[PDB]
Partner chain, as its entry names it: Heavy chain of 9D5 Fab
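We begin with a single chain expressed as structure tokens, specifically the form deposited without the partner chain.
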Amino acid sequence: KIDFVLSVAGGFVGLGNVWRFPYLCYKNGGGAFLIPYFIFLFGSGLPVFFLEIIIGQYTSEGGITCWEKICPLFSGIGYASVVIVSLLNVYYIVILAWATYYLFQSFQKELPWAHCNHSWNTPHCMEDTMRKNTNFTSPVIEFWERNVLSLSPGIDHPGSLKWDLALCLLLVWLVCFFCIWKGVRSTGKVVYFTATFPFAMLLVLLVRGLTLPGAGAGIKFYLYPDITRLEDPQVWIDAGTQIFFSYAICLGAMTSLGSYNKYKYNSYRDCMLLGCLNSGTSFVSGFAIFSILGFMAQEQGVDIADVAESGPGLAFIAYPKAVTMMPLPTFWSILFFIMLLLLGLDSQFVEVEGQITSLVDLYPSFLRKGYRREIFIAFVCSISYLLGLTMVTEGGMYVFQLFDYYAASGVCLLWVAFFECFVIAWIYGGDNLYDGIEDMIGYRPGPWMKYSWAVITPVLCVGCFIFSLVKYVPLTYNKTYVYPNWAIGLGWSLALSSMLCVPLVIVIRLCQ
């Protein structure tokens, strides 16, 4: 029953809640992030999640073709989701590549980031333990910034392609290809492990984090807000994307997950449970990582807002620092990186299988099992690897950060979600959906969610977008570097490559 549904949904938590949420909550202050986080959650997250589940269940088609009989004129939501999930597959596998590199470098007796007496460290390096005794730098951040991937002075100098990371990325892609070769999703007792290990790892990390000194400052920074920061659109614009990324909203996956359920199945309670559980695990992981970050700041004796990198690498700077202090660091490090690989992989298979099925639905005659689908999967993996080689070279962090900020976040996700809510609440109508639910499942849901879809989400999205446009600021990596105009143009081209799908399909349909 409930144990079975939690066993099925154990794959809900992924690299999102464990990695992306911390650095998004850290880039622009922690306390000023929770208020728009929860506002956007209860305004759009659970509403749009439930909406995707209902559309996938009511209509047997799940994905691109769900909108074919709801509103054909707005069919571009599926294409936008396909483009967004393709870019997501492009830049998501790099996190797994870094995790694999750490796993391979963690088999040694002494962890590489324990000390910085190595051949890739400047003399200015100092051990953070002895730091309290404007040019010093902790060993972990220096290691992550040079040995893991060397940083050029800017994006204008791509440098030379790295080889060890390329090999790790190729290994991960080959593992994914050879696992989709057969398919190991159908599991018996293994689903118990695949659902218990991540939670146990997170729980022991939580215990370690809040049992460490200096966690109080991290908790206060995470919770206590700053009203003045709400005056900048960055906090709202990234709080309206982190919660959408966590639930895989608008990625075309949740609109097809509900297609497996039958007509008479109470999906309301399941959707509420998964949403609340995802929010809770994200919140507790935030406590853990901000506690370890506060401990890092306490030993480093520097301001919390700049103690660590304010970019995609926050997890790889906090979590290894946490497992370093745990007894027998090698064992816990190996287990943790296996956990990261398991979660990120499972997300990678769902993101990929969804994309492949969605694109095959476009041309069903081209690929009907056999070997043509096999070579198509091989081609997709090869092209994704080649494209991902761009952000793994020397100074590859800038391309990755820009592509993450402008690919599956920022304005594209809010754009897709706003049109989704607008069409569902202004052509199909919330009353019609409640009538269908009432005649479909037991109990009539409260009128809260129809008002939600009608007002709370579209107003929030439009206001955030316009408020960002008026107070336009360039995207900056970390806090001391500024992109050139052409880099921002490239990022905006990336975002438009997703956003323009809806107007393009609209005008094509209006032509005939």
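Numbering follows the first chain given and starts at 1. Basically, rigid core = biggest C-alpha set you can superpose within 1.5 Å across the two forms.
Student: Do any residues of the deposited sequence lie unmodelled between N133 and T134, and which range holds their number: none, 1 to 3, 4 to 9, or 10 or more?
Tutor: Unmodelled stretch: 4 to 9 residues.
We do not show the form solved in complex with the partner chain, though everything after this point is about it.
Student: Taking the partner chain as it sits in the bound PDB entry, is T330 in contact with it (heavy atom to heavy atom, 4.5 Å or less)?
Tutor: Contact with the partner chain, no.
Student: Does any part of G183 reach within 4.5 Å of the partner chain in the bound PDB entry? Heavy atoms only, please.
Tutor: Because no heavy atom of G183 falls inside 4.5 Å of the partner chain in the bound PDB entry, the answer is no.
Student: Does any heavy atom of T390 come within 4.5 Å of a heavy atom of the partner chain in the bound PDB entry?
Tutor: Flag for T390 set to no.
Student: Test of understanding: in the bound PDB entry, would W448 fall inside 4.5 Å of the partner chain by heavy atoms?
Tutor: Flag for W448 set to no.
Student: Find the only residue in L202, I441, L359, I334 having a heavy atom within 4.5 Å of the partner chain in the bound PDB entry.
Tutor: Exactly one listed residue reaches within 4.5 Å, namely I441.
Student: Considering the partner chain in the bound PDB entry, which of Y483, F42, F465, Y58 comes within 4.5 Å of it through any heavy atom?
Tutor: In short, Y58.
Student: For the chain shown here without its partner, which stretch in 310-318, 257-265, 80-88, 146-154 has non-hydrogen atoms within 4.5 angstroms of the partner chain in the bound PDB entry?
Tutor: Selected range: 257-265.
Student: Would the C-alpha of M325 be classed as shifted by 2 Å or more between the shown form and the other one after rigid-core alignment?
Tutor: Shift of 2 Å or more: no.
Student: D361: with the rigid core matched between the shown form and the other one, does its Cα shift 2 Å or more?
Tutor: Yes, because once the rigid core is superposed, the C-alpha of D361 moves 2 Å or more between the shown form and the other one.
Student: With both forms fit on the core, is the shift of the CA atom of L273 between the shown form and the other one 2 Å or larger?
Tutor: No, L273 moves less than 2 Å.
Student: How does the C-alpha distance between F283 and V8 change in the bound PDB entry compared with the present structure, closer or farther, given a change of 3 angstroms or more?
Tutor: Closer in the bound PDB entry, by 3 Å or more.
Student: Is the CA-CA spacing of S7 and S246 tighter or wider in the bound PDB entry than here, given a 3 Å or more change?
Tutor: Nearer in the bound PDB entry, by 3 Å or more.
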